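For reference, the structure is listed below as C-alpha cells.
For the single chain, residues carry numbers from 1 onward in sequence order. Scope of the values below: all heavy atoms of this structure, side chains included, with no hydrogens, waters or symmetry mates.
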Amino acid sequence: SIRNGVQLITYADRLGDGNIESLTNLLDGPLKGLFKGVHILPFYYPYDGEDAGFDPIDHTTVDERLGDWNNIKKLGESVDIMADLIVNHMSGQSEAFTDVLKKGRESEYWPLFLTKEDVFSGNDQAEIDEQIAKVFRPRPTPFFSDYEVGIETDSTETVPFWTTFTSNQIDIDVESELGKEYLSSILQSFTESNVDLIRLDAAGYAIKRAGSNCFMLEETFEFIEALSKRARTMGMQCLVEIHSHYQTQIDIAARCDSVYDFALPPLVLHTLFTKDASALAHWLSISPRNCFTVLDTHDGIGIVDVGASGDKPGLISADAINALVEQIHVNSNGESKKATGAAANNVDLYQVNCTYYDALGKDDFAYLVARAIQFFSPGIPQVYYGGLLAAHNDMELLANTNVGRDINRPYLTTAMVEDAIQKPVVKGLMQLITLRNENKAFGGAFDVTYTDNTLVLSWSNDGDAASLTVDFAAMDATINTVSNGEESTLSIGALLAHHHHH
Ligand SMILES: [Cl-]
Ligand SMILES: [Mg+2]
C-alpha cells in the first residue's frame, strides 16, 4: 500500500515560495522524479505559531495562507502523503474549548476535554498529589490549568483541565465519544485528500490512569490500535512517533504499524567519525523493519535515542556519546553549540541542533556515504528538504528568531533550489535516490555483514540485487547491483568525481 521509495520531509512554506501549490510545482519540475512520498509538516491553522505548526488553533482546516484541502488532494494524486495528527490535546483557542469557557458544563463539548475529576475521583488531596507525581511530564509546565467556565451563564466554576504541554493546549478525553468523533473527523479529511500515512503525535500521553505514569500504558496501546484500525479501514496507515530508549522503539514497532528509526542519525555519524561500524551493524541486526529511516529531521539530531535509560544500556557507550556530541561541535566550528542548549554532560543531551551536512564537516564524500547507508538500511527512507540540497547551518535565521531548531529550518526558495541542484554532492544524492527508487531488491530480503573493517548491506528480490560495501580501511564505498539483466558497480568516490567534471 506504501510505495517503496524515497520520501521528502518538508514544510509547505519553507521549500519553494511559500505555499502548497509552490511546493507542488517544485515536485513537478526541478525535483521531479525523486520522491514517491512527501511528509508535509503541520499545515493547519496556523502553521507559524510558537511550536511551528504543532500547536494549531484549528486542526481541521488548512492554513489559508498555505492553501486548502484540495491542494493537498492534488499533490497526493500521484505520491504518498504523510501528515500529522495531534491526538492528545487541542488548542485553548479552538471553538470547542471557547464554547466550554462560555457555557461551562452546559456546553455540548464539555465531555471532550480531560479534567482533574475525570482521572482522580477521591478527595485525599495528599494521595492525589502522590499519584500526580507519578505522571510522566516532559517539562515543568503546569499540571492543571484552572479556567473559569460558564462565563456566559448565571453560574461560573473554576475547573482544573489537564494540560500536558502548555496551558494553551487542553488534553482531550480520547475515550469519550466526542474525542473519537474529533479524531475521526480529521482522519475523514485525510482520506478524502489522498493522505496515505498518519504520523501520530503525543499519542504516548493520550490515556490517563490514576496511579500510573500515564505514558504508553497497555491502555495506550489499545487506543493506538483502535485508532490505527480505523485508519486502515479508511485506506491509511499510522506511524507512532516517539523519541525514547531504543528498546521502546522495538516494543512499539512489534505492536504498531510503523515507527521511526531514530538510531541511524547518531549511529551513522559515530560510524563515520570513528570508522567503526560495530554498533551500527548490531542495530541493523535487531532494528524494526516497519520503520521510516532518517538522517536529518525538522528537529535536531537526537542523541538520547541511542543512549542509556535508567538501568537499560544504550547502543554506544557513554564515552562514545560524549565524543560524538563533541565532534559535531568541532565539525560545525561551534555553530551547533550556539543553537544547542546547555547540559551538564553530553550523555544527557536531548538533541544537537545542527544540519547533518555540517555535522559531517560538509564532507561531500562522507555525506553521500551516510545517505547510501540510510537508503540500504531497512524501512522507507525519508530525506529532509534541507539535507536534500546540502544546506549549511542557517546562522542568519538563528540570530533572527533565536529558535535553536531554525539553524536547520532554512527558507529555500524556488530560486535557491534551482541553484542547489547544480551542486555535485546534490547531483550525486539524486542519483542515489534514483537507484533506491528503481531497484526492486529493496522489496526483498536483507542481510548485514561487518568483517575486517568492511560493512556490507545486501538486498535481493526477484532477480534483482543491491549491495553497499563500505571499506573503512580504504575509505571506499561501493554499490553493486543486478537489474534489467545488467550488473553495475557504482563507486561513491567515482560518483562524486563524475559530477565535479561533468
Ligand atoms: Cl513501513
Ligand atoms: Mg496519495
Side-chain angles (χ1 to χ4, degrees), residues 1-10 23-24 27 31-43 72-85 87 186-201 203 224-225 227-242 249-250 252-264 284 287-295 297-298 371 374-385 388 432-446 457 459-462 464 466 483:
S1 64
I2 291 311
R3 306 182 58 198
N4 191 337
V6 183
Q7 297 181 343
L8 175 76
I9 307 167
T10 182
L23 168 66
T24 306
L27 298 168
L31 303 183
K32 182 185 180 63
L34 296 172
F35 304 110
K36 304 191 184 177
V38 181
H39 175 197
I40 309 175
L41 288 153
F43 45 87
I72 299 291
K73 193 185 175 189
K74 183 68 181 175
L75 178 55
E77 282 182 6
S78 46
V79 303
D80 303 341
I81 290 197
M82 179 179 293
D84 286 81
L85 181 58
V87 325
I186 303 177
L187 293 178
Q188 185 70 40
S189 303
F190 283 170
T191 187
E192 294 177 339
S193 296
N194 301 323
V195 169
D196 303 274
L197 295 154
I198 315 310
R199 169 177 152 146
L200 305 173
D201 294 301
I224 288 175
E225 166 60 22
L227 184 48
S228 301
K229 185 187 178 187
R230 203 169 195 281
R232 296 182 208 116
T233 70
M234 305 169 73
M236 304 177 299
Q237 183 190 131
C238 286
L239 160 56
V240 181
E241 180 275 338
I242 190 180
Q249 291 280 30
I250 295 178
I252 292 175
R255 310 178 59 165
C256 308
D257 287 346
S258 286
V259 297
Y260 280 104
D261 187 318
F262 287 138
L264 289 173
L284 296 172
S287 46
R289 307 296 194 242
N290 51 325
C291 69
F292 293 84
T293 67
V294 299
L295 297 180
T297 71
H298 63 297
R371 309 230 72 125
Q374 180 202 357
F375 295 172
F376 276 73
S377 314
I380 299 298
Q382 295 190 325
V383 177
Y384 186 56
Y385 78 98
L388 173 71
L432 291 178
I433 291 179
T434 303
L435 193 153
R436 180 55 183 79
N437 280 336
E438 300 184 354
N439 192 302
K440 328 254 73 180
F442 304 103
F446 171 78
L457 307 183
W459 295 86
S460 57
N461 181 27
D462 227 342
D464 283 24
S483 57

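More than 12 heavy-atom neighbours from other residues, nucleotides or ligands sit within 6.0 angstrom of NZ on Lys36.
Minimum heavy-atom separation, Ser377 to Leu457: OG-CD1, 4.3 Å. Closest approach of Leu295 and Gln374 over heavy atoms only: CG-OE1, 3.6 Å. Heavy atoms only, all atoms of each residue included: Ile2 and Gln237 are closest at CG1-NE2, 3.7 Å.
Under the side chain to side chain donor-acceptor pair (under 3.5 Å) criterion, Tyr385 pairs with no residue, sequence neighbours left out. Among residues two or more places apart in sequence or in another chain, the side-chain contact (heavy atoms from CB on, under 4.5 Å) test is passed with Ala83 by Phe43, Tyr44, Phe190, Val195. For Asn4, the side chain to side chain donor-acceptor pair (under 3.5 Å) partners are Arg436, not counting sequence neighbours. Among residues two or more places apart in sequence or in another chain, the side chain to side chain donor-acceptor pair (under 3.5 Å) test is passed with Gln188 by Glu192. Not counting sequence neighbours, the partners of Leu34 by the side-chain contact (heavy atoms from CB on, under 4.5 Å) test are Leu31, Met430, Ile433. In terms of the side chain to side chain donor-acceptor pair (under 3.5 Å) criterion, residue partners of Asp257 (sequence neighbours excluded) are, by chain and number, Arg232.
Between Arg199 and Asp84 there is a salt bridge, since a side-chain N of the basic residue sits under 4.0 Å from a carboxylate O of the acidic one.
Results of the side chain to side chain contact (heavy atoms under 4.5 Å, CB included) test with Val240 over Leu227, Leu200, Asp201 single out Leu200 as the only residue that passes.
To the nearest 0.5 Å, atoms CG (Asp80) and CG (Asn194) are separated by 10.0 Å. Expressed to the nearest 0.5 Å, how far NZ of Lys74 lies from OG of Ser193 amounts to 13.5 Å. Within the model, atoms CG of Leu8 and CD1 of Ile81 stand 11.0 Å from one another, a figure rounded to the nearest 0.5 Å. The NZ atom of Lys73 lies 12.0 Å from the OG atom of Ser189; values are rounded to the nearest 0.5 Å.
Taking the six-membered ring where the residue is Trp, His39 and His298 present perpendicular rings, their angle passing 60° and hence far from 30°.
Ring to ring, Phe376 and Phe442 are close: their centroids are under 6.0 angstrom apart.
Counting only N and O atoms by type, the side chains of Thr293 and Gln382 include no donor and acceptor under 3.5 Å apart.
A side-chain donor-acceptor contact under 3.5 Å links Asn437 to the backbone of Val6.
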